[PDB]
**Student:** 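After the structure tokens below, expect a handful of questions from me.
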Amino acid sequence: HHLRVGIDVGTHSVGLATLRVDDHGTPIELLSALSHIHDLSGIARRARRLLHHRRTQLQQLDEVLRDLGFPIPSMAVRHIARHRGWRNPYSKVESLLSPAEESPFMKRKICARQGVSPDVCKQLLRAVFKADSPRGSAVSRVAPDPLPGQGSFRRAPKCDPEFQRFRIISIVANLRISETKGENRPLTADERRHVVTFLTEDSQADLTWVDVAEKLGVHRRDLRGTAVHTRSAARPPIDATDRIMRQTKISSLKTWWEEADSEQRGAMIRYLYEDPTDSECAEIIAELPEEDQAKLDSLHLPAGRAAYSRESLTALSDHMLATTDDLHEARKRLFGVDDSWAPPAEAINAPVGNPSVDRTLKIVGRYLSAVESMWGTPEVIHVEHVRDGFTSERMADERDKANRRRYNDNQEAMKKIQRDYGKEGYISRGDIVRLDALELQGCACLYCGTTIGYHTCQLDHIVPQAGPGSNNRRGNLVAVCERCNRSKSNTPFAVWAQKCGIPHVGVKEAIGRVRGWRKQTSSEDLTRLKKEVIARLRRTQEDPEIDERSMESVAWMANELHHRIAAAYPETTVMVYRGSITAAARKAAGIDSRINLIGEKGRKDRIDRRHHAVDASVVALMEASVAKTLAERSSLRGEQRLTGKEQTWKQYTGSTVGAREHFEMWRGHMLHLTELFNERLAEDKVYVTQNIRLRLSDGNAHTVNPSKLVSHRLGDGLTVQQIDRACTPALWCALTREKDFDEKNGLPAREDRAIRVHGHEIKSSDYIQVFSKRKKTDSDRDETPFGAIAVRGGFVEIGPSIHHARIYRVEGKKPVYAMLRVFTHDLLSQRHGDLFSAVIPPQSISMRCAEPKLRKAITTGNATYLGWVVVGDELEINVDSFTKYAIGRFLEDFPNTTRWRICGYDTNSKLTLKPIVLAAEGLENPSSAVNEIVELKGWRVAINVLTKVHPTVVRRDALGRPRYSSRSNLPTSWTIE
Ligand SMILES: [Mg+2]
Ligand SMILES: [Mg+2]
Ligand SMILES: [Mg+2]
Ligand SMILES: [Zn+2]
């Protein structure tokens, strides 16, 4: 039984698919296919938690002082002030550097000080000397180091520079050198230091193992162990934290890191990640707001929790660098564990403190569990990662905008070439790069210095690439005279220079020319370019051949995801590819326009959300030989764009009979897959799912200034509408219990009225307070109630803070459907109970804001509670009757749109609905109605008219299948009837 799982990670979605193939890889059954749709800062929240806890600790200190015969606000108040101020918020000691909570002393004239032996109460008291200050991480819970002897140290976050260094060293410690066969030796300590120093020189370099081989002075073929597991590293490792810090859009942070103290780099990373307890930062941080702002939450440090503490990480690191041990041997020697000892891996869904990542990880974890339970262990789990991408909606938006920018800069470059050279027709990337290089190089051949121009110069790849294609990055391309290009042939520059004997051709001369480069109009980009070019001008070995791992993602989160999945499914082959693989595959197998998705196709961006399920299905079917061939076709294409010639890359399907046969077979499989997928679409079993929130939203909020309450003299009488806006439920009870309260006319004017609210007597001559949104100079006599709560200084609205809606049928000859929106506030007292059956009493703000007819029906026992919905819930709706207004016209353009998602409660009797299958971004010049329904307001429909067509509230399990019953008490589907 061959099961292949595919996962397509997007910015806002995850496509998921399970495929059964036979012994020769032909897809025979598409078992599952679906699209799961998703939907201050950490630094200052940690700061605030810290502030409150410390504060209460200072209060405890005052408690100690008062009861110690000291006054909280002449020697006595002096001692008070000294101990409070000059110590308690100062944390001076902090002597021998300890996070050990409690802390031993280890150690006129007569008036001060002592004591003598006592008042160590005071010393122990200074915020209890932070014993124990923290309730939250990194104390609870950051799990302890599991190595024997290390159990008092907390495990380090993977973003810690010490972890990054450990990882690099560990990988280097797996490398072998072959000097004769078969006589592998590990790298010596000196070699290890040399390679580690090299890999940490520039975290922004894009190196291959060939670069490492050259640094070691060995042929690439003689360097081994690059593919050994600690997944193995296809490319040499870098410090991912340092790279992120040097590439961040937060200017002053980058600047700081640049000149930072190294120990201070570590301390800073710890601060930004989880420890709100340094002085230097945030004394470093506070500067330059807006950068301090939501920008700081945009900083995406490498995720994950290391298996070991910093202490262990550095001990293991130093040992591996100074010897020839690998990690396994290192751990045995340093800590004495046996050969079977292994640290556990984080669970797939273990939180990384990043909302998008975390939602993705929960989805993947539960899908893989459901797949295994239902069908058995998969042979492969293939993932496609998104791009850049997968950090936030924010960073995705920004990168998209900057991509439209770069697109425009390229279009301008094309225009300028057409203008300046009169080039009609296709303007290749070769044309653009050649002109750019000519200008950069001041019209001189990089290799021999001779004058060249647009007619005479040619573009060269400095370093050739073994096998089909070349490395086509700008840093491997230079403008060159015809003579040097012809002489150099297929040789790396440095090798050719050593033997060509042409005047002014050499490595040093060429480097010199490169150092001479200046911007023709981004200096960072240029500096990077120059470093890349200089490095390539030194190279004496070819770039390595394209292989099955050329398409593998090298993003941190991709490696971490690979690690968690492989550890959770040890018998399964796991791969995480970059987010271009499925588009490449779909083009090569020619299957866009074969899938029967909604959309003109017309691509552009696919409007049908089921496309993520297509991409997951395709990635499930990917295979090593095919990945290699696709990477090659792409490289060949890059090459032929540089020569601007007749493109033949589409005809390349491999260099051996075996590769070409695999590729053709795979194209056959892709054809089968489109048949199975179309058939599944026709059964309507390609699902679109989304989670619903069942728990109460907690805290956060605030940040809100109160509106003013309005005062009414009780004795002047009150209308029903004024009473319904009473500033507290208790006041509402007291007003409506009056013997002369009238359901229509409210309370009449009376001079002898006396009511009781919380023990307090309120008389006719007193004033009560109501919520109002009107000026105090206008009448609120007919103002209807709205969701509000009293707070300090007045009230705030609780607009969309609604937890669920309960649907009722008001019984009668003409039955009427209505809903009660239950505000989150009204469930706080019954938090840990059944939220959907908690009592919502007449005096509650929820009831008082419901339709009067529903209120009256509930109070008289004429309302039948059908069931509950929440925002995010799916509705299946017969839409035949809806041919009027905006919804009718929308339906003209997208007929039989029957699956809808509840987006909100437009009013106390209307739901806002948007279609589930359709993506706003895929719209191309929409009619105003379509834009209104999909993109803007959504379909706003009265509960009574909606319910008359008997829609079904659809609830789905982890495989996206409708759930009609549950022995686990999970929410189930139900028809509103
Ligand atoms: Mg050449
Ligand atoms: Mg080649
Ligand atoms: Mg994708
Ligand atoms: Zn030349």
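These values consider heavy atoms only, across backbone and side chains, with no hydrogens, waters or symmetry-generated copies. Numbering of ligands and ligand atoms starts at 1, following listing order. Index from 1, following the sequence.
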**Student:** Spell out, as yes or no, whether a donor-acceptor pair under 3.5 Å connects the side chain of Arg434 to the backbone of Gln458.
**Tutor:**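 Such a contact is absent between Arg434 side chain and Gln458 backbone.
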
**Student:** Say whether, by atom type as modelled, one donor and one acceptor occur between the side chain of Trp649 and the main chain of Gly638 under 3.5 angstrom.
**Tutor:**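 A pair under 3.5 Å: no.
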
**Student:** Is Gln465 close enough to the Mg ion (ligand 2) to have an N, O or S atom under 2.8 Å?
**Tutor:**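 Yes, within the cut-off.
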
**Student:** Assess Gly469: does it contribute an N, O or S atom lying under 2.8 Å from the Mg ion (ligand 2)?
**Tutor:**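 Under 2.8 Å: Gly469 contacts the Mg ion (ligand 2) through an N, O or S atom.
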
**Student:** So, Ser32 versus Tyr367: side-chain donor-acceptor pair below 3.5 Å or not?
**Tutor:**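 Short answer, yes.
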
**Student:** Rounded to the nearest 0.5 Å, how far apart are OG1 of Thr540 and CD of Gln498?
**Tutor:**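 Rounded to the nearest 0.5 Å, the OG1-CD separation comes to 9.0 Å.
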
**Student:** Mind listing the closest non-hydrogen atom pair of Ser635 and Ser470 along with its distance?
**Tutor:**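 Taking every non-hydrogen atom into account, OG-O, 2.9 Å.
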
**Student:** I need the protein N, O or S atoms closer than 2.8 Å to the Mg ion (ligand 1), given as residue plus atom name.
**Tutor:**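 Checking every protein N, O and S atom gives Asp460 OD1, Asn485 OD1.
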
**Student:** Identify, with sequence neighbours excluded, every residue that meets salt bridge (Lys or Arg N to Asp or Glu O under 4.0 Å) alongside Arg610.
**Tutor:**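 Result, salt bridge (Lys or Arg N to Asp or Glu O under 4.0 Å) vs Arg610: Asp608.
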
**Student:** Before we go on, tell me: are the rings of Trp666 and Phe663 under 6.0 Å apart, centre to centre?
**Tutor:**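 When the ring centroids of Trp666 and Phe663 are compared, they turn out to be within the sub-6.0 Å range.
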
**Student:** May I ask you to check whether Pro468 brings an N, O or S atom to under 2.8 Å from the Mg ion (ligand 2)?
**Tutor:**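 No N, O or S atom of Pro468 is closer than 2.8 Å to the Mg ion (ligand 2), so no.
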
**Student:** Looking at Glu384, pick out the N, O or S atom nearest to the Mg ion (ligand 3) and give its name.
**Tutor:**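 Checking each N, O and S atom of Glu384, the shortest distance to the Mg ion (ligand 3) belongs to OE1.
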
**Student:** Could you check whether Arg231 pairs with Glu552 (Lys NZ or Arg NE/NH1/NH2 to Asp/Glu carboxylate O, under 4.0 Å)?
**Tutor:**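 Judged by the 4.0 Å cut-off on N to carboxylate O distance, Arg231 and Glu552 do form a salt bridge.
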
**Student:** What is the name of the N/O/S atom in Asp8 that sits closest to the Mg ion (ligand 3)?
**Tutor:**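 Result for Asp8 and the Mg ion (ligand 3): OD1.
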
